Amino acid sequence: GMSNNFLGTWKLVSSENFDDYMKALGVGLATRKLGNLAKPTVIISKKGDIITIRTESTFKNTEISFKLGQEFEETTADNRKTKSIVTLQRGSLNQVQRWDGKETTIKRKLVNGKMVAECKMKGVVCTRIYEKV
């Protein structure tokens, strides 16, 4: 299953094309202004087969808890109510969010010791890189 190298606390060190990713989700300017200035912290823990991903920022905190392959109700940082699933493809943690007939994905894979999150929406791609502490 999920490699134990995901487990721990991660810190954003790079974000590319985040403003345009938020634009695609319908995020307003003022909210985007703060989402760009945010340097979140992502904690990934595991209790049994239930994986938890927690995001901590001064602006918004979030937390999801799921079993791989099982749909679950999620409330996103921008307050979307999504029916989401997390799958594992070649050691990549791929999260899909569906709402209002729309859909976006967050793919998280480890690269040379760093967690790389790919955000995708209608051909708009954002790349966020985290370093472990």
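Each residue number is its position in the shown sequence, starting from 1.
Sort the modelled residues of the chain by CA B factor and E63 lands in the lowest third. In the deposited entry, the Cα temperature factor of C119 sits in the middle third of values across the chain's modelled residues.
Among the modelled residues of its chain, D100 has a C-alpha B-factor that falls in the highest third according to the deposited record. When the modelled residues of the chain are ordered by their C-alpha B factor, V111 lands in the lowest third. Among all modelled residues in this chain, the alpha-carbon of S15 has a temperature factor (C-alpha) in the lowest third.
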